[PDB]
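See structure below.
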Amino acid sequence: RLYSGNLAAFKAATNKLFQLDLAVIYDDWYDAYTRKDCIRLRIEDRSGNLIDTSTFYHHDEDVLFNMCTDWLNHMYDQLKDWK
Amino acid sequence: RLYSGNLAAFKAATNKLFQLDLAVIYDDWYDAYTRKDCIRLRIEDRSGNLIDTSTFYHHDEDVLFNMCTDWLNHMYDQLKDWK
Amino acid sequence: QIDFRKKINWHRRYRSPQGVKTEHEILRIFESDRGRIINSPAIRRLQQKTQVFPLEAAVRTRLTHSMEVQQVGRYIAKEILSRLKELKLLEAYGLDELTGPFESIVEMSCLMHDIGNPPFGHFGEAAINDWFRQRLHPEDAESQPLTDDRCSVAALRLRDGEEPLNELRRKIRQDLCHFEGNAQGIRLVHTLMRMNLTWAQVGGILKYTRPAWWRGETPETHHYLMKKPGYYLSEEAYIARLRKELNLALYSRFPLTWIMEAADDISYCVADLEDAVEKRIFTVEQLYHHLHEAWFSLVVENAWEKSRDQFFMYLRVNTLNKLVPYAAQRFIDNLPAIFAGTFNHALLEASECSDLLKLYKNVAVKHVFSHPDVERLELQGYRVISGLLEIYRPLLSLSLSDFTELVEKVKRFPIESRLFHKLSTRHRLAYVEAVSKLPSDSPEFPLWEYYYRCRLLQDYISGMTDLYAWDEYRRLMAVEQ
Amino acid sequence: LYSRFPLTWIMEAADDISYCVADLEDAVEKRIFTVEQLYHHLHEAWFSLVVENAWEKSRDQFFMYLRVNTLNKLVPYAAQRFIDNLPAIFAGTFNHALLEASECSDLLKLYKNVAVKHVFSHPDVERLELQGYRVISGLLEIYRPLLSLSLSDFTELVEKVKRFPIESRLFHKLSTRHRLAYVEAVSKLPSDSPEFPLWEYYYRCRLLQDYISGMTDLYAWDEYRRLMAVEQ
């Protein structure tokens with residue numbers, strides 16, 4: 003199963019994004035065609051407009067959560083220069 | 003027996019009066035001549051001087067507490083214009 | 003004009019029997035309603051809730069007390085019908101072919117009086133009310149927006165600069181801190197169990213008429229009928245239609261309810277006293293001494317002198342033969358006001375009946391309710407309810423998106441998902457149906473969703489027994505395996 | 254750096270097969286559901310060879335037949351995966367697992384999802400999971416006062434106190450091996466660098482975590498009730 007520390011890091015990244023006056027939308031499912039699990043994240047604002055949306059595929063959830071957290075930190079660095 | 007919400011409303015009115023730098027004195031008994039219960043309230047100040055005093059009679063305590071709370075709110079509106 | 007055909011309605015909310023019907027079909031309808039009421043899990047839950055003493061001996065539960073209330077109500081209804089038939093007013097009042105429904109409705113209303121109380125009774129309601137009062141602070145919304153709003157919910161704060169949304173926050177905040185047994189009973193009979201009772205049967209259990217979201221003073225012409233909350237905000241629409249089905253004005257009451265109330269006032273005294281003897285607290289001699297000191309001649313002297330398990334069987338009968346005809350005559354004398362629904366008094370509320379009832383009540387308060395065991399049970403129940411609410415608190419701290427996602431299926437909320445799965449199926453289905461009908465675009469969606477989440481929590485907490493809640497409280501605290 | 258010892262791969266593979274099948278069997282032994290429901294759920298959540314042979318040759331001895339077929343289908347695949355990618359494994363940089372699109376993944380996922388649907392959702396597991404969380408949190412809260420002391424106070428407490438009764442009793446409640454490990458770890462530190470308090474706090478927290486993690490379920494549960502004055 004998923005390790006607790008990875009979930010904690012993902013939650014910390016989500017809270018950091020939310021404190022930046024942004025909205026994080028999380029969706030997930032499984033794709034049997036590719037035999038993997040898929041997670042899509044859609045970033046928004048206080049008005050509810052899409053900014054960045056990306057989907058990740060993997061067969062192990064520990065790597066998937068790490069990739070998602072890395073992407074969230076990358077966007078936070080990008081959009082935290084200002085605004 | 004007395005319903006909890008009525009007692010809570012009476013306590014809230016008492017606290018509102020007390021925060022207004024006033025003193026609320028409560029006395030109660032039963033009158034067998036009229037076959038009812040009597041509650042007298044005496045409002046005071048930081049010095050200990052009577053301002054308004056009234057007594058209510060009823061056979062059911064739920065109505066009695068409602069009347070007392072209504073009177074307390076009426077005086078609070080009267081004397082909260084100023085002082 | 004008095005016509006009881008406009009008040010005894012046998013229609014239903016779903017799959018209602020339309021058309022014309024005879025006496026036999028109507029009687030079969032009401033027998034079917036009895037069949038649904040008697041065979042319900044709520045009654046079997048009443049089987050294991052305490053009345054005064056802890057559940058062990062042959063002490064009484066809620067069910068046996070309901071069985072006395074039912075008998076008294078049926079006897080009063082029969083006396084009223086007989087007295088009306090003697091005076092040749094039975095056919096002029098529209099009751100010629102409706103006596104059976106009359107008695108059945110009164111009996112079933114008396115049976116469903118205690119269907120909606122929470123575990124531990126008066127001390128359960130107090131705990132729920134104080135917990136939610138601490139969480140919401142309804143006294144800070146009575147006027148224009150403040151800067152010192154102590155509410156702990158962001159969406160329920162009164163943020164100055166918007167008056168249409170504020171009215172709704174005020175209503176929800178005031179409603180959520182007025183849990184009451186009868187309102188929960190109405191909600192249980194209609195929404196949670198889905199029994200589909202007739203309109204008259206549902207109206208028979210509407211005891212008080214004050215809305216739960218009421219703020220301020222009540223009119224002087226209804227100060228008795230509005231001394232307690234009557235229904236919640238989630239049933240308002242329902243109640244509206246109920247009035248249209250029974251020709252009831254605003255803040256009015258269904259006639260037969262009066263009779264039921266009367267019954268709940270007689271048994272309330274005498275039964276408790278008997279149990280005090282059975283638990284070896286004091287004895288018959290002390291009973292008479294305390295009664296005589298706290299004081308009449310007829311009942312007390314006959315009971316004390318003809319006696320020198331069979332003493333109480335003689336004491337009840339005399340009290341019933343002294344009280345029931347008085348209630349019947351009070352019902353018949355003020356019949357137009359009761360049929361209008363505006364009678365602002367009770368049937369038994372300066373005669374000797376009030377004195378005898380007060381005698382029994384004060385003796386019971388002096389010698390029974392002051393025992394240490396009752397007092398200890400009362401404190402323990404308060405603490406248990408508070409602890410359960412504290413345990414389930416994390417479900418109320420989530421967000422709209424998180425709770426919505428949790429309902430549809434999670435990997436990010438293990439503890440919350442397990443806590444949610446611990447709830448019952450019926451309550452979750454009720455939440456789903458309630459939330460589905462809401463418009464998903466209005467700015468009022470979060471307010472209603474929070475209201476229904478709190479309603480779900482209160483239904484779960486109030487749907488337990490004393491023993492089940494106690495055991496679950498020790499299990500969730502890791503005190504017992 | 255960041256490399257792995259070859260044989261570890263094999264061990265990981267094993268931890269992935271048993272992980273499914275065993276759990277399923279226990280569900281039957283605790284009287285949760287039965288064989289017929291097993292096949293129905295498997296068929297609904299879905308292969309021909311193993312499942313059909315197991316279901317048809319069967320009409330305590332069903333599982334003894336189900337294991338063998340799964341082993342004879344899975345072990346040679348793992349052996350061939352080990353041998354095929356041997357240089358990368360010997361280098362220590364193989365960034366995959368042995369059993370990670373063949374039918375083996377599908378069969379393992381079938382077993383796993385059936386177990387998640389019908390076994391891990393039972394109320395008892397869920398209740399035990401909440402109770403364990405609360406017990407561990409309570410034990411940490413109870414032993415918190417040991418972490419609020421100072422360097423001098425804890426050092427004096429280790430060497431022998435009259436000023437810290439509760440703390441001394443709590444410290445004496447710990448095991449001998451953990452305290453000896455703390456003593457040896459702290460002795461080697463330079464006693465003059467400005468980094469001494471940091472390392473001492475790190476090793477104190479390590480001592481607490483070793484003590485907490487060195488218990489059994491029953492021992493921790495009983496100790497938690499004893500320290501809370503719930504049982505004598």
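Protein chains in written order, with the authors' numbering: chain L, 3 to 85; chain H, 3 to 85; chain B, 3 to 58, 61 to 299, 308 to 320, 330 to 370, 372 to 431, 434 to 505; chain F, 254 to 299, 308 to 320, 330 to 370, 372 to 431, 434 to 505.
Note that CB positions come from ideal geometry on N, CA and C, so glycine has one too.
Inset, instruction - Mark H76 of chain H as exposed unless 16 or more other C-beta atoms lie within 10 angstroms of its C-beta, in which case mark it buried. - result: Per the 10 Å Cβ criterion, exposed.
Inset, instruction - Just the chain L side, please: which residues come within less than 9 Å of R442 of chain B by C-beta, in chain order? - result: The contacting residues do not exist; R442 of chain B stays about 14 Å from chain L at best.
Legend entry - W316 of chain F and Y347 of chain F closer than 8 Å at C-beta: For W316 of chain F and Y347 of chain F, no; Cβs fall outside 8 Å.
Inset, instruction - Could you pull the start and end residues of the beta strand (DSSP E) that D33 of chain L belongs to? - result: Counting along the chain, the beta strand (DSSP E) containing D33 of chain L begins and ends at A25 to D33.
Inset, instruction - Report yes or no: do the stretch 118-137 of chain B and the stretch 185-204 of chain B share at least 3 C-beta pairs separated by less than 8 Å? - result: Counting C-beta pairs closer than 8 Å gives three or more between the stretch 118-137 of chain B and the stretch 185-204 of chain B, which meets the contact rule.
Inset, instruction - Using the DSSP secondary-structure output, state which residues sit across from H69 of chain B in a beta bridge. - result: Paired residue(s): none; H69 of chain B is not in a bridge.
Legend entry - Cα-Cα separation, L399 of chain F to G234 of chain B: Rounded to whole angstroms, the gap between the alpha carbons of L399 of chain F and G234 of chain B is 41 Å.
Legend entry - Under the three-state DSSP convention, the category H296 of chain B falls into: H296 of chain B: helix per DSSP, three-state reduction.
Inset, instruction - Could you work out which residue in F:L277, F:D269 and F:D490 is closest to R405 of chain F when comparing CA atoms only? - result: Minimum Cα distance to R405 of chain F is reached at F:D490.
Inset, instruction - Kindly identify the DSSP beta-bridge partner or partners of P215 of chain B. - result: BP columns for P215 of chain B point to B:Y235.
Legend entry - Simplified DSSP assignment, three categories, for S408 of chain B: In this structure, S408 of chain B counts as helix in the three-state DSSP scheme.
Legend entry - Where the alpha helix (DSSP H) containing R173 of chain B begins and where it ends: For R173 of chain B, the enclosing alpha helix (DSSP H) covers residues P168 to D179.
Legend entry - Nearest residue (CA-CA) to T261 of chain B, options B:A241, B:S147 and B:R78: For the residues B:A241, B:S147 and B:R78, the minimum Cα distance to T261 of chain B belongs to B:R78.
Inset, instruction - Using 10 angstroms around the beta-carbon of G104 of chain B, count the other beta-carbons present and answer buried if the total reaches 16, otherwise exposed. - result: Exposed, since its Cβ has fewer than 16 Cβ neighbours within 10 Å.
Legend entry - Alpha carbon of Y255 of chain F to alpha carbon of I359 of chain F, nearest angstrom: Approximately 13 Å, taken between the alpha carbons.
Inset, instruction - Have a look at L378 of chain F and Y59 of chain L and give me their C-alpha separation to the nearest angstrom. - result: Annotation: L378 of chain F to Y59 of chain L spans about 20 Å, alpha carbon to alpha carbon.
Inset, instruction - Figure out for me which residue from F:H393, F:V503 and F:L481 has the closest Cα to the Cα of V281 of chain F. - result: The option with the nearest alpha carbon to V281 of chain F is F:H393.
Inset, instruction - Kindly list, in the order they appear in chain B, the residues whose Cβ is closer than 7 Å to that of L81 of chain L. - result: What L81 of chain L touches in chain B: nothing, since even the nearest Cβ is about 21 Å away.
Legend entry - Neighbourhood of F136 of chain B by C-beta distance below 6 Å, restricted to the same chain and skipping five residues each side: Contacts found: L180 and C181.
Inset, instruction - Quick one: list the residues of chain B neighbouring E289 of chain F, beta-carbon separation under 9 Å, in chain order. - result: Those within 9 Å of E289 of chain F in chain B number zero; the least Cβ separation is about 25 Å.
Legend entry - Own chain residues within Cβ distance below 7 Å of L19 of chain H, not counting five before or after: The answer, listed in chain order, is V26, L74 and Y78.
Legend entry - Between the CA atoms of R337 of chain F and residue 371 of chain B - distance to the nearest angstrom: For residue 371 of chain B, no position is available: the coordinates of chain B end at 370 and pick up again at 372.
Inset, instruction - Might you give, ordered along the chain, the residues of its own chain that have their beta carbon closer than 7 Å to the beta carbon of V312 of chain F, omitting 5 neighbours on each side? - result: Correct list, in chain order: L295.
Legend entry - CA-to-CA distance, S271 of chain F to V288 of chain F, given in whole angstroms: So the two alpha carbons sit approximately 19 Å from each other.
Inset, instruction - Return no unless some Cβ of chain B is closer than 8 Å to the Cβ of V26 of chain H. - result: Taking Cβ atoms only, chain B never reaches closer than 8 Å to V26 of chain H, which makes this a no.
Inset, instruction - Find the nearest neighbour of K13 of chain H within the set H:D83, H:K85 and H:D72, judged by alpha-carbon distance. - result: The candidate whose alpha carbon is nearest that of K13 of chain H is H:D72.
Legend entry - Beta-carbon neighbours of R177 of chain B, restricted to chain L and to distances below 9 Å: Close partners of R177 of chain B in chain L (Cβ separation under 9 Å) are lacking, with about 25 Å as the shortest Cβ gap.
Legend entry - Proximal residues to residue 306 of chain B (C-beta, below 7 Å), its chain only, five neighbours per side dropped: Residue 306 of chain B cannot be located in this model; chain B continues from 299 straight on to 308.
Legend entry - Neighbour-count burial assignment, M230 of chain B, 16 or more Cβ in a 10 Å radius: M230 of chain B counts as buried, since at least 16 other C-beta atoms from the protein chains shown sit within 10 angstroms of its C-beta.
Inset, instruction - Taking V157 of chain B and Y474 of chain B to be in contact with their CB atoms under 8 Å, please state how far apart those CB atoms are, rounded to whole angstroms. - result: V157 of chain B to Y474 of chain B, Cβ: 7 Å. Contact.
Inset, instruction - Could you check if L162 of chain B is buried or exposed, using at least 16 other CB atoms within 10 Å of its CB as the buried criterion? - result: The Cβ neighbour count for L162 of chain B, taken over all protein chains shown within 10 Å, is at least 16; the residue is labelled buried.
Legend entry - Helix, strand or coil at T195 of chain B according to DSSP, with G and I counted as helix: It is helical.
Legend entry - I84 of chain B beta carbon less than 8 Å from that of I485 of chain B: Taking 8 Å as the cut-off, the Cβ atoms of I485 of chain B and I84 of chain B do not count as close.
Inset, instruction - Flag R48 of chain H as yes if its beta-carbon sits less than 8 Å from any beta-carbon of chain B, otherwise no. - result: No, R48 of chain H lies away from the interface with chain B (no Cβ there is under 8 Å from its Cβ).
Inset, instruction - Using a cut-off of 8 Å between C-beta atoms, extract the partners of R214 of chain B located in chain H. - result: Listed along the chain, the chain H residues whose CB falls inside 8 Å of the CB of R214 of chain B amount to none; the nearest CB is some 10 Å away.
Legend entry - Proximity to residue 323 of chain B [Cα-Cα], best of F:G403, F:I407 and F:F444: The model of chain B omits the segment between 320 and 330, and residue 323 of chain B is among the residues lacking coordinates.
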